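> Fold the following.
(one chain, ligands or ions: 2)
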Amino acid sequence: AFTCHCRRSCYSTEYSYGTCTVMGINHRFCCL
Ligand SMILES: [Cl-]
Ligand SMILES: [Cl-]
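Numbering: from 1, shown residues only. Ligands and ions are numbered 1, 2, ... in the order given. The relevant structure is shown in the block below.
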């Protein structure tokens, strides 16, 4: 499986896969 998190900045081990809107705020959708 793959796991993704909405983050303001992806970790170095994660791939930035599009935008996630959190509480109205633009975040990255960070997957690994
Ligand atoms: Cl897995
Ligand atoms: Cl799986």
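
> Can you tell me the element the closest residue to residue 14 other than its chain neighbours falls in?
Nearest residue to residue 14, sequence neighbours excluded (Cβ to Cβ, 6 or more residues apart in numbering): residue 30, at 4.0 Å. Yep, even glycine has a C-beta here, placed from its N, CA and C like the rest. Residue 30 is part of strand 25-31, with elements assigned from DSSP states H and E.

> Can you mark which positions in that strand are buried?
Neighbour-count burial for strand 25-31 flags 27-30 (criterion: 16 or more other Cβ atoms under 10 Å).

> Quick check: the gap between residue 31 and residue 20.
Here the criterion is Cβ to Cβ, to the nearest Å. By it, residue 31 lies 11 Å from residue 20.

> can you list residues touching both of these two?
Between them, residue 31 and residue 20 share no contacting residue under Cβ atoms under 8 Å, 6 or more residues apart in numbering.

> hang on, the earlier thing: so the residue nearest to residue 14 sits against residue 11, correct?
Yes - using Cβ atoms under 8 Å, residue 30 is in contact with residue 11, at 6.7 Å.

> related to what we said a few turns ago, got a list of what the residue nearest to residue 14 touches?
By Cβ under 8 Å, 6+ apart, residue 30 lies in contact with 4-7, 10-11, 14-17.

> Can I have the buried ones of those as a ChimeraX selection?
A single ChimeraX command selects the buried members of the contacts of residue 30 (16+ other Cβ under 10 Å):
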select :4,10,14
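
> Among the contacts of residue 30, which lie within strands?
Under the assignment DSSP state E, the contacts of residue 30 contribute 4-7, 15-17 to strands.

> Those: which two are farthest apart?
Distance extremes for these: the farthest pair is 6 and 15 at 13.7 Å, using Cβ to Cβ.

> picking up where we left off before, give the pairing partners of the strand holding residue 30; include direction for each.
With DSSP bridges as the test, strand 25-31 is paired with strand 4-7 (antiparallel), strand 15-22 (antiparallel).
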